[PDB]
């Protein structure tokens, strides 16, 4: 059948009974805030910030917190941060490219010849559409974190839990140490896009649409991938339609319309209204409503740097950046998912990504020797046509100029530390994640001699409408340990360094456990500020503190995903003088793919990361450190 899974537990079985996102006690939030400021602030700065926190906790902060709690109890169907967080993305006026949109790239199909572009584009497309059908049938297994898959991720448990009503289901899982996650975002995976508007962009879905959108050389093509009965279109016909697009001989358009999706959101909002004025709404709706956007690039990947640039931004002509996601397939079959961030999070995109990798590699729809159907693709595939005014053409030229200028400022590079990973570190009773994070702290100290604002994403999807909380890796412990290794390594014994690392790891583990339970401080302080602003009040003095601004200017922005389907991933820095650090700790090795703008140096940072990882592993093996 057209399904990639056959869950007996309905996909959405736990949704109704998910726990609500906790609101921390304000006293906890202020303590945690200060704990994270301790490594960043001089004594005088910290004392000023400390006084502000005291007045906030007993003053206007107490009052905003009471209101936040009252509001949350009138809105038990959601989380206190969901509205504010959708706003953070959707009110943002800057380009979604680089600032927000990440990518994850697939490993190759293990079978060499299945990496043919036509073959793999067909197979990946069909798997993605199989995913859509599986979700819609309620046949996709619910997303569940298991503390022990051996006990709870079993047919025995599945057999019973399917009889527990959704009002009670979450508790059945909880009782077996299993934690169903929110899946509300899955409704925006397909047939969905972000529409530029004044003030705040709009999330559009049209679940009735049956067509795929394909970009090749900046030309837009659409064809049905679901028939009138809801069945997947013959994969041989899909293959034929993709071959038809690959065969087209038209050069890149004079004014590639896709550039517009990389613009400032007010500029793009105006230009889209003008497209509508000029009679393009029907065409735009075909773009907006397609199941997803498939992008066919006509060049192979030169190396991982080329891959990163290609999947993170491309050349401006061949990505519809607004779409829920773009599935990119290069000439050498290298594929990736590039996604718009407002609707979704790593956890949900990864589930899709993982199921599509599994299905396209283990049960490919077509082979490299399949013969395309003899189908009238000239009729079945529509090449979209936009009516562009003089203003639209000027807009596209200005969109390209801005795009090209920004991309020029961006560098990306990677390391693959081969000496060890999870296996070695777990044997040393350390958190692998903490160790990578320590390395980044230590590397930044070695390169720049500073301790800076650092962000690590953590999923709160265990809660209703949960997205993320911020882990703050830059701690008193990491600062102390980085100082020891970098500035006075002769001053500490190998045992003392090991203790310093144990402490780092413990504290990181504590921060991680807390953030996952909604017990970070960032989202809570964020919501309180949002609430003051929404109620028409002046910004509280806590938020005018330069220390608050500095804490939220994340020079080191980090995120990790763990998957055998992932070759690499990436995102640009979140501030001009930042690094965007995508990393993974594997059993045997640690990879980082780091982005930077002109004001930082990613190549030097990565050389520093490598050295720090060498020092860390040396000390853990009891070897005196190489200086």
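Positions refer to the first chain, counted from 1. C-alpha atoms forming the largest set that superposes within 1.5 Å between two forms make up the rigid core.
Visitor: Taking the root mean square of C-alpha distances over all structures and residues in 6 other deposited structures of this protein, with a rigid core superposition, name the larger of 383-391 and 345-353.
Guide: Of 383-391 and 345-353, the stretch deviating more in 6 other deposited structures of this protein is 345-353.
Visitor: Got a sec? Mean C-alpha B-factor, which is higher, 67-75 or 303-311?
Guide: Looking at the recorded C-alpha B-factors, 67-75 comes out higher on average.
Visitor: Could you check which stretch, 291-299 or 483-491, carries the larger mean CA temperature factor in the entry?
Guide: Higher of the two, by average CA B-factor, is 483-491.
Visitor: Going by the entry, which of 597, 33, 571, 589 has the most elevated CA B factor?
Guide: Result of the comparison over 597, 33, 571, 589: 589.
Visitor: Name the residue from 322, 355, 456, 281 with the greatest C-alpha temperature factor listed in the entry.
Guide: Top of the list by C-alpha B-factor: 281.
Visitor: Taking the values exactly as deposited, rank residue 580 by C-alpha B-factor within its chain and report the matching third: lowest, middle or highest.
Guide: It belongs to the lowest third of the chain when residues are ordered by C-alpha B-factor.
Visitor: Taking the C-alpha B-factors as the PDB entry records them, is residue 439 in the lowest, middle or highest third of its chain?
Guide: Tercile = lowest for this residue's CA B-factor.
Visitor: By the record's CA B-factor, is residue 418 among the lowest, middle or highest third of residues in the chain?
Guide: Answer is highest: the recorded C-alpha B-factor places it there.
Visitor: By the recorded C-alpha temperature factor, relative to the other modelled residues in its chain, which third is residue 426 in?
Guide: For residue 426, the deposited C-alpha B-factor lands in the highest third.
Visitor: Could you look up the Cα B-factor of residue 169 in the entry and say which third of the chain it sits in: lowest, middle or highest?
Guide: As the PDB entry reports it, the C-alpha B-factor of residue 169 lands in the middle third of its chain.
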